[PDB]
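Asker: dropping in the first section of the assembly, placed as in the complex:
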Amino acid sequence: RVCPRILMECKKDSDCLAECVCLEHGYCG
């Protein structure tokens, strides 16, 4: 997957950039 390396808080996958997903401690990855 294409996931940019920015530090981004999230609550759901759809919060994230590109094909990052929202992982367990509330950050994209």
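Answerer: All right, it came through fine. Numbering: from 1, shown residues only, chains lettered A, B, ... in the order given.
Asker: residue A:23 contacts residue A:16, correct?
Answerer: No. Contact criterion CB atoms under 8 Å: residue A:23 and residue A:16 do not qualify, at 9.2 Å. Quick note: C-beta positions are derived from backbone N, CA and C, even for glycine.
Asker: neighbour-wise, which of the two wins?
Answerer: residue A:16 (20 against 12; other CB atoms under 10 Å).
Asker: sorry, back to before: please enumerate the shared neighbours of residue A:23 and residue A:16.
Answerer: Residues touching both residue A:23 and residue A:16 (CB atoms under 8 Å, 6 or more residues apart in numbering): there are none.
Asker: for residue A:16, what are its contacts?
Answerer: Going by CB under 8 Å, 6+ apart, residue A:16 touches A:3, A:8, A:10, A:22, A:28.
Asker: repeat the analysis, applying 10 Å as the threshold.
Answerer: Residue A:16 makes contacts with A:3-4, A:6, A:8-10, A:22-23, A:27-29, as judged by CB atoms under 10 Å, 6 or more residues apart in numbering.
Asker: who wins for most neighbours among the residues you listed?
Answerer: Going by other CB under 10 Å, residue A:28 tops those with 20 neighbours.
Asker: residue A:4 is in contact with that one, correct?
Answerer: Yes. Residue A:28 is within contact range of residue A:4, at 8.5 Å (criterion: CB atoms under 10 Å).
Asker: any common contacting residues for the two?
Answerer: Counting by CB under 10 Å, 6+ apart, the residues touching both residue A:28 and residue A:4 are A:16-18, A:20.
Asker: can you say which of these are buried?
Answerer: For the shared contacts of residue A:28 and residue A:4, a burial check counting by 16 or more other CB atoms under 10 Å picks out A:16, A:20.
Asker: can I get the shared contacts of residue A:28 and residue A:4 in a markdown table including secondary structure?
Answerer: Formatted as a markdown table, these follow (DSSP: H, G, I helix; E, B strand; the rest coil):
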| residue | secondary structure |
| --- | --- |
| A:16 | coil |
| A:17 | coil |
| A:18 | coil |
| A:20 | coil |
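Asker: and chain B, same structure:
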Amino acid sequence: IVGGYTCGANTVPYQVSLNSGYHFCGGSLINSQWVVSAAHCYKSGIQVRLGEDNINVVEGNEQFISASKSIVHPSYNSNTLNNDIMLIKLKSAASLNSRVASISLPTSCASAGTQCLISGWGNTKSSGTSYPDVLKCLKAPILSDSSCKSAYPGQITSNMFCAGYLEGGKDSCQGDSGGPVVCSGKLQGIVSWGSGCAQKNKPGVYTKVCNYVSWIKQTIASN
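Answerer: Next up, chain B placed on what we already have:
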């Protein structure tokens, strides 16, 4: 940074942090007024922090300067992350000192096998989350285009290169975006994207700075 070591305070003096409330990308100071970063780091209201080591704790070498202007590369593509580069002009010039110094631009691209330094305050776990207080460093080689393109079928453009280890275990990672990849004292790379962190056969992918030196020197002397 996964797999890395602790650079030590102010030993990477061109490293800056882009802050909107909290640290979210790196960047590289390329003179007293301009920083380079990843275009996917764009946000309005960036504050740039220089002379940091411990991002939580004021050690008094720091300088905090707002961005006055951000210029995303004209051919940036947010779907493919192609042309993932951006320039930020500072609202005031920084003072250059022994902790705060700018990194040169390359005169040619660097070759496969050349060892580089990568830095940043991003995640140090390749499973899980652990975000460090102090700046971490990693030495990693530029990998071939072949090996890059096969790691990422379909996704590697001519503006990208792979650096790191096909074995896994050391790589940059979330919150390192926009930060430097420095080889032989020149800024060759910007931390851009990867599939996970430090995963076997999935090395990091970096913007290829040497393809942009003109556009940068152009933009800077014209804005």
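Asker: and the contacts of residue A:16, now that chain B is in?
Answerer: For residue A:16, the contacting residues are A:3-4, A:6, A:8-10, A:22-23, A:27-29, by CB atoms under 10 Å, 6 or more residues apart in numbering or on different chains.
Asker: chain B next: which of these are close?
Answerer: Contacts with chain B within the contacts of residue A:16, as defined by CB under 10 Å from any CB of the partner chain: A:3-4, A:6, A:8-9, A:23, A:27-29.
Asker: now, among the residues you listed, which is nearest to residue B:31?
Answerer: residue A:6 (24.3 Å; CB to CB).
Asker: export the ones next to chain B among the contacts of residue A:16 to a markdown table and tack on secondary structure?
Answerer: As requested, the ones next to chain B among the contacts of residue A:16 are exported to a markdown table (three-state DSSP):
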| residue | secondary structure |
| --- | --- |
| A:3 | strand |
| A:4 | strand |
| A:6 | coil |
| A:8 | coil |
| A:9 | strand |
| A:23 | strand |
| A:27 | strand |
| A:28 | strand |
| A:29 | coil |
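Asker: how many neighbouring residues does residue B:128 have?
Answerer: By the criterion of other CB atoms under 10 Å in any protein chain shown, residue B:128 has 11 neighbours.
Asker: what's the neighbour count on the closest residue to residue B:66 other than its chain neighbours?
Answerer: The shortest distance from residue B:66 to any residue other than its chain neighbours is 4.5 Å, reached at residue B:91 (CB to CB, 6 or more residues apart in numbering or on different chains). The number of residues packed near residue B:91 is 12, by other CB under 10 Å.
Asker: before we move on, what about residue B:46?
Answerer: 23.
Asker: residues in contact with it?
Answerer: B:18-20, B:24-25, B:27, B:35, B:37, B:65-68, B:70, B:88, B:90.
Asker: likewise for residue B:29?
Answerer: Residue B:29 neighbours (CB under 10 Å, 6+ apart): B:13-16, B:35-36, B:48, B:50-51, B:88, B:90, B:94, B:96, B:100-103, B:180.
Asker: could you redo the last one with a cut-off of 7 Å?
Answerer: Going by CB atoms under 7 Å, 6 or more residues apart in numbering or on different chains, residue B:29 touches B:14, B:16, B:35, B:50, B:94, B:102-103.
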